[PDB]
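Here is the structure we will look at.
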Amino acid sequence: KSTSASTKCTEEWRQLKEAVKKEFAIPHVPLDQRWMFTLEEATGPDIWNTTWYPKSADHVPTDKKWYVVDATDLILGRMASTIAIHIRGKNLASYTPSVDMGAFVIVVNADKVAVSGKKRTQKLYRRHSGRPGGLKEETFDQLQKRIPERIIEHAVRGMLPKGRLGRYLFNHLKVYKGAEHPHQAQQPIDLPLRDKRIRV
Amino acid sequence: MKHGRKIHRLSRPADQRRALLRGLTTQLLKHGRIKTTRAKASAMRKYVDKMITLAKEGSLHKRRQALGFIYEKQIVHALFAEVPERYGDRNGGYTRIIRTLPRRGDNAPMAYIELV
Amino acid sequence: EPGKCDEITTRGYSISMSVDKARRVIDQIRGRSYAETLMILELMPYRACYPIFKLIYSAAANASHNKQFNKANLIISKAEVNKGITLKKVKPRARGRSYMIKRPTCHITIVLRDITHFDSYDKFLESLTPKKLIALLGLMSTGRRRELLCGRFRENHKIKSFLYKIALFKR
Amino acid sequence: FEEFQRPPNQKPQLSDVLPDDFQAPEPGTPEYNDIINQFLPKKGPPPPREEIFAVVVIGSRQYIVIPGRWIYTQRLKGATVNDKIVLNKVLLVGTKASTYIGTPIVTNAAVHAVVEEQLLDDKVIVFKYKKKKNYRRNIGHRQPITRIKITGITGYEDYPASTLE
Amino acid sequence: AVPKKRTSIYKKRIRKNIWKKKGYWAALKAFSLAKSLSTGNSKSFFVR
Amino acid sequence: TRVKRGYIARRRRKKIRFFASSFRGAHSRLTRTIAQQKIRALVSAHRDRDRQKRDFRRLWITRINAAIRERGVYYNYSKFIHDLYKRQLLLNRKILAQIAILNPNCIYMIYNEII
Amino acid sequence: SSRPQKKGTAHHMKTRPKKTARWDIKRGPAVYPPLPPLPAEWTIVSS
RNA sequence: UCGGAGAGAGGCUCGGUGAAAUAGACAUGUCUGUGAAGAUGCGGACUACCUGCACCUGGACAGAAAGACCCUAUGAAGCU
RNA sequence: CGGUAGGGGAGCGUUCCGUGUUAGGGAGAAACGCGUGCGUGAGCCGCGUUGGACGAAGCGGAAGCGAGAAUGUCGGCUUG
RNA sequence: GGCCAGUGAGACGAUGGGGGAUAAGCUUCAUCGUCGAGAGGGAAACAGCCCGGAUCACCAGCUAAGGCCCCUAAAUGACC
RNA sequence: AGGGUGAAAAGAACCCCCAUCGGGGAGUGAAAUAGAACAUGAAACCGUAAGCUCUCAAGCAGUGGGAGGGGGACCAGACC
Ligand SMILES: [Mg+2]
Ligand SMILES: [Mg+2]
Ligand SMILES: [Mg+2]
Ligand SMILES: [Mg+2]
Ligand SMILES: [Mg+2]
Ligand SMILES: [Mg+2]
Ligand SMILES: [Mg+2]
Ligand SMILES: [Mg+2]
Ligand SMILES: [Mg+2]
Ligand SMILES: [Mg+2]
Ligand SMILES: [Mg+2]
Ligand SMILES: [Mg+2]
Ligand SMILES: [Mg+2]
Ligand SMILES: [Mg+2]
Ligand SMILES: [Mg+2]
Ligand SMILES: [Mg+2]
Ligand SMILES: [Mg+2]
Ligand SMILES: [Mg+2]
Ligand SMILES: [Mg+2]
Ligand SMILES: [Mg+2]
Ligand SMILES: [Mg+2]
Ligand SMILES: [Mg+2]
Ligand SMILES: [Mg+2]
Ligand SMILES: [Mg+2]
Ligand SMILES: [Mg+2]
Ligand SMILES: [Mg+2]
Ligand SMILES: [Mg+2]
Ligand SMILES: [Mg+2]
Ligand SMILES: [Mg+2]
Ligand SMILES: [Mg+2]
Ligand SMILES: [Mg+2]
Ligand SMILES: [Mg+2]
Ligand SMILES: [Mg+2]
Ligand SMILES: [Mg+2]
Ligand SMILES: [Mg+2]
Ligand SMILES: [Mg+2]
Ligand SMILES: [Mg+2]
């Protein structure tokens, strides 16, 4: 903002303070195919006989993974279960309940989601306002026409944790009605499915 | 609500409004400049312009009205003597209001009022 | 220590008023220049300004007299309002029940510093870069070293604790 | 400073500190670089060591071993200070080129080490409580602990490779 | 009515700062009034 | 001989107060509350240190389980432990969980040695 | 109307987890052979 | 029925002076369950940016008076 | 070697007396404020830009001797 | 036997019966278990039910009752 | 109900603010940061400044984990 010799000096010291802080600090190592230790961190604290708690430089949100899930004839709950496993990071060796070590997930063709039994006419999505008559019941099929996306969102939300982080984990999920999405630049991949009951 | 109500209440009943404004005009017309609040000064413009309007038509019927309004007797007789020569051309706006710092006791916004 | 040469302490002892009512005025004049407050305190709607107006004016009079400062180069650094001795009373009420009121009391402490005290040093030290500054202080002796840093150059730039790490300004 | 004694209220000036010459910053001469190394050193090479680690058992809990590095362990009967100690059972040895996986152990492997100190753990308060019963107990506990330094690892080369291709 | 419990220390301060915050808006009016009065051009405010 | 209370109540409560350093509100300022909370902190500390052991273990199972599903299909943590005792290994959850993050190439070799 | 609710401690007896399965109750820990005689954990060298 | 308008004193705003009952500490939501059987405080789900002002009082088994109704005491007192 | 009522055993600390006109103490006592020290703990041992004249330890002795509660209680200060 | 305490309001459950209406988280006895005086784990929360009786420490391991889709640790394991 | 300036009032000439009160220097004194409402001066309570930090939250307020940032006469894989 202001370009004065007084305030300009203040910005020069902090560049020097961060620089001196960077030299005697231990460089961060990426997890991909690393040996146990190095000559640098061997002089550091005992990260070996203590549990590995991740640093902020691990879950850098820019370079996170991205997946796709075509919901054309896919079971709802079983597809939602794995999506929670991938968003929470439970499949990674670097799992930590208090950190977002997981990944993103994209869902497409949400309106083509499969559903077993007669839940298409019996499962009641509902909500409440606060009045003594603010209860609004709604079936699967009625919600399937009005907003197809709340179906996927309402299921995964119940599987994610509840709290500060779980509300932060929800935004990592992207859902779409059509067979396309604008998230092409991120270069996602196809998501695996260990279960064998999802494809009718 | 007061929709369509143009009246200055001044936190006083009618008997006191009719006396308070009626009494200040007696002092302004003889002194020409006084120190009062802003609410009292704003309500004063309607009545001072009335008495001055009576002097332009300085008849006998118009004089008896000022005598009933103006308390003292000599100012009304002196008012009609000077106004036709002083305001023989002006049409309304016979006074101005100059703001002033408030008082020490109650922070009442004060202001002067004078005859142009 | 720069505080023992720049500013002056001035206190108002046993001013009969309330603490919180005073702080409506004191919290605003904090950080305002000398000429700025005088234009404001003479025009606020508050009653707490007339004691303060006598107190701000009296403090600057001491500066030009006891330390020879120019009025135009003053800035209110600190300003406090501490509790004083409260007198007590007893007022009757209904049903023979008695309630006590009190006349509060304040001890207002005000400070007035001068920016034009270290301009010979501070304006020079800030003109240099950080790296260029090291070689300057590294060649001179300690007596010349302690004096250039006795001002407020370090506080304004947040380098008080960093210089110890580089073996500069050793205790 | 000196003239500050004469008036203790007169303003300071720049000329009183130093002369107005300041012969040169000498930004290119090594003197300007030497004074930087005086107050701003660099990291430099870390302490070299052997590129190896191993797993070892003490008591009933396990530890990861690195040469030239120390670690706390459960108290050992005897084992005076500055005593040369050898840990026999090791569960694996790892290197960049290979990784030896103890079958239940690695045969004839050993870990030479040194006893740095024989100290007590930091106090932990064993506190017991039961509400509405006037039962309160405050007991500390200083656990006996030793401090071992590692020197090197030997006796593992005759084990097979079990490397990675 | 009667309060069930006492207000805390910081919840008290937050309510006092709002009362003190009115002084911020009163000081701006005074500064605007002075600078609008030290020029001797306003014919609507007699200060003496 | 008369005996005042003196200072024994003061020096006691300072020790009780110094423990309550970072407590919020009146839990760091009032003696009749700090004694009420200092009791609760140590009980919670003594309770957590017992839960401290099961908790890190619970984390190591996930990390080891999470780090091994990638190797083989229809393979899992429970089958990995059954083979170690068959192969007569001794490694615990601490070492396996940390190697999974610090030297992942080792577990790929451990999986091969088993098979 | 003439059927009580089973609300107190009886709610625990009726609703507590049970197995009721010979194949699940008959089970036990897994049996592995014993390991060889291992060496000691530490040994002193002359110092 | 069926309320409506108006005046005055308060209420509301500004300045000055300035209490009180009360108060385990309080970072003080709803639903439905649970529980000494009627929960902001435990469980699950839902809802909910932070902080004020003016208004209304359903709850905090609100405040106020160691229940004055009932019972107990080998209690007290008046009367027959 | 869980433990309420409750019983036993071993100890800490306060003020004062004996040794004692003790040691020490304006080269800073008591106190107050502190601590990467010690103890099963009550507490001990130490430190000081405070303080300005008293006073341990050890072997023993005596009590107006250890407080978080009694709609306690005196004084001081908050909440509203 | 000596010295010297507290207790003499019990609670749910199992069984054996009585009273009641083969009602009561009812009431009264007899024989056991637990809570009372008992933490921990399972039972969503939940003194009396199930496993099991906390000397202390360990970022070691095996198990009980009971469980292994996700929230939430363990086979989205196999076969009829 | 209300006790304690100091060895000695030497109780603060004089100058500035200044209607007083009161304050800042000067001077007195071992000490004035002992300045009269004055001795050591704990806590609640009211505050100023600095370091980290909260406006999608939820909670008897801590505890075990400890991201990012900060700090210092011992050192620093430590400690706050
Ligand atoms: Mg009025
Ligand atoms: Mg009338
Ligand atoms: Mg006593
Ligand atoms: Mg265990
Ligand atoms: Mg029924
Ligand atoms: Mg079993
Ligand atoms: Mg009306
Ligand atoms: Mg009215
Ligand atoms: Mg007011
Ligand atoms: Mg809230
Ligand atoms: Mg119930
Ligand atoms: Mg309820
Ligand atoms: Mg809670
Ligand atoms: Mg709730
Ligand atoms: Mg009302
Ligand atoms: Mg009530
Ligand atoms: Mg009663
Ligand atoms: Mg009674
Ligand atoms: Mg009887
Ligand atoms: Mg026992
Ligand atoms: Mg036992
Ligand atoms: Mg003494
Ligand atoms: Mg003396
Ligand atoms: Mg003695
Ligand atoms: Mg009985
Ligand atoms: Mg029978
Ligand atoms: Mg019963
Ligand atoms: Mg009964
Ligand atoms: Mg029992
Ligand atoms: Mg249940
Ligand atoms: Mg097992
Ligand atoms: Mg089942
Ligand atoms: Mg799992
Ligand atoms: Mg003092
Ligand atoms: Mg004093
Ligand atoms: Mg939201
Ligand atoms: Mg936020």
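Here is how the numbers come out for the structure above:
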{"quantity": "So F:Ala9, is it touching a residue at least 12 places away in the same chain (Cβ under 8 Å), out of contact with any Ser or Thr (no Cβ under 7 Å at 6 or more places or on another chain) and in a helix (DSSP H, G or I)", "calculated": "no"}
{"quantity": "Only listed residue being away from ligand 5 (no atom under 16 Å from the Cβ) and within 9 Å of another protein chain (Cβ to nearest Cβ), chosen from D:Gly44, D:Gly78", "calculated": "D:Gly78"}
{"quantity": "Residue identified as in contact with a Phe, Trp or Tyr (Cβ under 6 Å, 6 or more places away or on another chain) and either under 19 Å from A:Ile47 (Cβ atoms) or exposed (fewer than 15 other Cβ atoms within 10 Å of the Cβ) (or both) among D:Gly68, D:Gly59, D:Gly94, D:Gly78", "calculated": "D:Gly94"}
{"quantity": "Where C:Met140 falls short, out of the listed (1) crowded, with 16+ Cβ neighbours inside 10 Å; (2) of a type in the set (A, V, I, L, M, F, W, C); (3) under 22 Å from D:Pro25 (Cα atoms)", "calculated": "(1)"}
{"quantity": "Top-ranked residue of segment F:57-115 - restricted to ones that are of a type in the set (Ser, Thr, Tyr) and facing chain A (nearest Cβ under 10 Å), ranked as farthest from ligand 3 (Cβ to nearest atom)", "calculated": "F:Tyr74"}
{"quantity": "Residues of segment A:66-100 satisfying the condition of being assigned to a loop (DSSP other than H, G, I, E, B) and over 18 Å from A:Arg157 (Cα atoms)", "calculated": "A:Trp66, A:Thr72, A:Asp73, A:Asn91, A:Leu92, A:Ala93, A:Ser94, A:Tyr95, A:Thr96"}
{"quantity": "Test for F:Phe19: is it more than 16 Å from RNA strand J (Cβ to nearest atom) and within 14 Å of chain D (Cβ to nearest Cβ)", "calculated": "yes"}
{"quantity": "Some residue of segment D:58-68 being away from chain C (no Cβ under 14 Å), among the β-branched types (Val, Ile, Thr) and touching a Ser or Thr at 6+ places or on another chain (Cβ under 9 Å)", "calculated": "yes"}
{"quantity": "Strands (runs of 3 or more DSSP E) wholly inside segment A:102-200 containing at least 2 residues that are surrounded by 11 or more Cβ atoms within 10 Å (Cβ to Cβ) and among the polar types (S, T, N, Q)", "calculated": "none"}
{"quantity": "Condition check for E:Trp25: aromatic (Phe, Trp, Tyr) and more than 8 Å from every other protein chain (Cβ to nearest Cβ)", "calculated": "yes"}
{"quantity": "Members of segment D:66-86 found to be in contact with a strand residue (DSSP E or B) (Cβ under 9 Å, 6 or more places away or on another chain) and over 24 Å from A:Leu39 (Cα atoms), listed by number", "calculated": "D:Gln74, D:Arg75, D:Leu76, D:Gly78, D:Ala79, D:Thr80, D:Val81, D:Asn82, D:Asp83, D:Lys84, D:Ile85, D:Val86"}
{"quantity": "Qualifying positions in segment C:25-47 - under 22 Å from E:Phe46 (Cα atoms), more than 8 Å from chain E (Cβ to nearest Cβ) and β-branched (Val, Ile, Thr)", "calculated": "C:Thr37"}
{"quantity": "Helices (runs of 4 or more DSSP H) contained in segment C:90-171 and holding at least 1 residues without any contact (Cβ under 8 Å) to a residue 12 or more places away in the chain, within 14 Å of chain D (Cβ to nearest Cβ) and not small (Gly, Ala, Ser)", "calculated": "C:119-127, C:130-139, C:142-148, C:162-165"}
{"quantity": "Any hit, segment D:7-24, residues being of a type in the set (D, E, K, R), farther than 30 Å from C:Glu7 by Cβ and at the interface with chain C (Cβ under 10 Å from one of its Cβ atoms)", "calculated": "no"}
{"quantity": "Unique residue being more than 9 Å from every other protein chain (Cβ to nearest Cβ), away from ligand 30 (no atom under 16 Å from the Cβ) and out of contact with any helix residue (DSSP H, G or I) (no Cβ under 9 Å at 6 or more places or on another chain) when the list is D:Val86, D:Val90", "calculated": "D:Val90"}
{"quantity": "Filter result for the condition that a residue is under 30 Å from C:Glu42 (Cα atoms) and among the polar types (S, T, N, Q), over B:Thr37, B:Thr53, B:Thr25", "calculated": "B:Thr37"}
{"quantity": "In segment G:5-39, the residues that are within 6 Å of RNA strand J (Cβ to nearest atom) and either in contact (Cβ under 8 Å) with a residue 40 or more places away in the chain or touching a helix residue (DSSP H, G or I) at 6+ places or on another chain (Cβ under 9 Å) (or both)", "calculated": "G:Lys19, G:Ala30"}
{"quantity": "Residues of segment D:97-106 classified as buried (at least 20 other Cβ atoms within 10 Å of the Cβ) and within 8 Å of another protein chain (Cβ to nearest Cβ), total", "calculated": "4"}
{"quantity": "Index of the failed condition, F:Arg5 passing every other in (1) crowded, with 17+ Cβ neighbours inside 10 Å; (2) more than 9 Å from RNA strand J (Cβ to nearest atom); (3) of a type outside the set (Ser, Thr, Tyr)", "calculated": "(1)"}
{"quantity": "Condition met for D:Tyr159 (within 13 Å of chain F (Cβ to nearest Cβ) and either touching a residue at least 12 places away in the same chain (Cβ under 8 Å) or of a type in the set (D, E, K, R) (or both))", "calculated": "yes"}
{"quantity": "Residue, nearest to A:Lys177 (Cα to Cα), within segment A:48-88, restricted to residues that are surrounded by 18 or more Cβ atoms within 10 Å (Cβ to Cβ) and within 14 Å of chain D (Cβ to nearest Cβ)", "calculated": "A:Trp52"}
{"quantity": "Scope segment C:1-41; condition in a helix (DSSP H, G or I) and more than 18 Å from E:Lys21 (Cβ to Cβ); matching residues", "calculated": "C:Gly3, C:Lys4, C:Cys5, C:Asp6, C:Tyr34, C:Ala35, C:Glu36, C:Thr37, C:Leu38, C:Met39, C:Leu41"}
{"quantity": "Yes/no for E:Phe31 being more than 16 Å from RNA strand J (Cβ to nearest atom), within 16 Å of the chain's Cα centre (by Cα) and of a type in the set (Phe, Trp, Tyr)", "calculated": "yes"}
{"quantity": "3 or more residues surrounded by 12 or more Cβ atoms within 10 Å (Cβ to Cβ): qualifying strands (runs of 3 or more DSSP E) within segment D:108-165", "calculated": "D:110-120, D:124-130, D:144-154"}
{"quantity": "Criterion (within 30 Å of F:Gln36 (Cα to Cα), away from ligand 30 (no atom under 16 Å from the Cβ) and within 28 Å of the chain's Cα centre (by Cα)) met by exactly one of D:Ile71, D:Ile125, D:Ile101", "calculated": "D:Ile125"}
{"quantity": "Elements of type strands (runs of 3 or more DSSP E) in segment D:13-76, at least 1 residues being of a type in the set (D, E, K, R)", "calculated": "D:61-65"}
{"quantity": "Any hit, segment G:6-28, residues being away from ligand 33 (no atom under 16 Å from the Cβ), within 14 Å of chain D (Cβ to nearest Cβ) and among the β-branched types (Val, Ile, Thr)", "calculated": "no"}
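Condition check ((1) surrounded by fewer than 12 Cβ atoms within 10 Å (Cβ to Cβ); (2) within 14 Å of chain D (Cβ to nearest Cβ)) across all residues:
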position	(1), (2)
A:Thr7	no, no
A:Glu12	no, no
A:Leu16	no, yes
A:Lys22	yes, yes
A:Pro27	yes, yes
A:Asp32	yes, no
A:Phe37	no, yes
A:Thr43	no, yes
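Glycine also receives a Cβ, built like all others from the backbone with ideal geometry; neighbour counts cover every protein chain displayed. Each reported figure results from applying straightforward, stated rules to the coordinates on display, with no laboratory input.
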